[PDB]
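J.: Begin with these chain(s), straight out of the complex:
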Amino acid sequence: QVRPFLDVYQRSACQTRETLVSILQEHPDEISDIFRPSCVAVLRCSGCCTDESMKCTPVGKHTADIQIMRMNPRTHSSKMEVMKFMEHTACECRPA
């Protein structure tokens, strides 16, 4: 089936979409333990704008609370815990 033009723009457009981020990357301050999973999916702005002169930019954000598993690499002890992650809420193509 050919994916119709409107269905194409619907997904290509600048907007918030599921984006994988590394826990250790988002929290560089976390440098003693392992996390499972090691990455989480959160909304981030992405999509192609009218031209490369513009970039899909976040104009709003918030903090999501996500449950993950903290694994102590030294004792192999792991336990559920809630960690905060930054998430984009609104997007717009901007000059940048």
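T.: Arrived safely, thanks for sending. Numbers count the residues shown, from 1 in each chain, chains lettered A, B, ... in the order given.
J.: Going by neighbour count, which residues in the helix or strand where residue A:20 lies are buried?
T.: If you go by DSSP states H and E, residue A:20 is part of strand A:15-22. If you call a residue buried by 16 or more other C-beta atoms under 10 Å, then strand A:15-22 has these buried ones: A:15-17, A:21. Where you see a C-beta, it was placed from the backbone N, CA and C, and this is true even at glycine.
J.: now stretch A:45-57
T.: Those buried within stretch A:45-57 under the rule 16+ other C-beta under 10 Å are A:45-47, A:49, A:55-57.
J.: how long is it end to end?
T.: The first and final residues of stretch A:45-57 sit 6 Å from each other (C-alpha to C-alpha, to the nearest Å).
J.: Residues touching that stretch, excluding its own?
T.: With contact meaning C-beta atoms under 8 Å, 6 or more residues apart in numbering, stretch A:45-57 is reached by A:12-17, A:19, A:58, A:88, A:91-96.
J.: wait, is residue A:40 part of a strand?
T.: Yes: membership of residue A:40 in a strand is supported by DSSP: H, G, I helix; E, B strand; the rest coil.
J.: is it in a bridge, and if so with what?
T.: residue A:21 (DSSP bridges).
J.: Would you mind measuring from it to residue A:92?
T.: Taking C-beta to C-beta, to the nearest Å as the measure, residue A:40 falls 25 Å from residue A:92.
J.: and chain B, same structure:
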Amino acid sequence: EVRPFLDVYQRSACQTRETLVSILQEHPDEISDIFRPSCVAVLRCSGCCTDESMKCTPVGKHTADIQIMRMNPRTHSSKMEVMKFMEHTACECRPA
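T.: Okay, chain B now, added to the rest:
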């Protein structure tokens, strides 16, 4: 509202997911015309393997026909046309 673990895992796992690819990166030879949209969303493998020494890799590929607008900067015409893109059918965590 905390995001429950099982849900966090379901999304973070290595699997095929919506991925933005520019028409130029998927069709490097298409350098003369302008496309609307200039990028498309297609299924590609990504995710964080439980085993950190593993990388999320495609184990099957297929194609998708997508309708796009081609704008000719010389003739100034712009019409619809079907363009094919590669997608990942399935993935697996493999050392790499």
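J.: again for the buried residues of strand A:15-22, since chain B is there now?
T.: Residues of strand A:15-22 classed as buried under the neighbour-count rule (16 or more other C-beta atoms under 10 Å in any protein chain shown) are A:15-17, A:19-21.
J.: Keep only these that also lie close to chain B.
T.: With C-beta under 8 Å from any C-beta of the partner chain as the criterion, the subset of the buried residues of strand A:15-22 in contact with chain B comprises A:17, A:20.
J.: And stretch A:8-22, end to end?
T.: Between where stretch A:8-22 begins and where it ends, there is a gap of 29 Å, by C-alpha to C-alpha.
J.: can you list the residues that contact that stretch?
T.: A:38-49, A:56-57, A:85, A:87-93, B:11-12, B:17-18, B:20, B:36-41, B:46-48, B:66-68 (C-beta atoms under 8 Å, 6 or more residues apart in numbering or on different chains).
J.: chain center to the host helix or strand of residue A:86, what's the gap?
T.: Element membership for residue A:86, per DSSP H and E: strand A:77-94. How far strand A:77-94 lies from its chain's middle: 6 Å, per C-alpha atoms, centre = their mean, to the nearest Å.
J.: do the same with stretch A:10-17
T.: 14 Å.
J.: Please apply the same query to stretch A:76-83.
T.: With C-alpha atoms, centre = their mean, you get 21 Å for stretch A:76-83.
J.: What residues sit buried inside that stretch?
T.: residue A:83.
J.: Contacts for it, please.
T.: Contacts for stretch A:76-83 (C-beta under 8 Å, 6+ apart): A:23, A:27, A:36, A:65-72, B:2, B:5.
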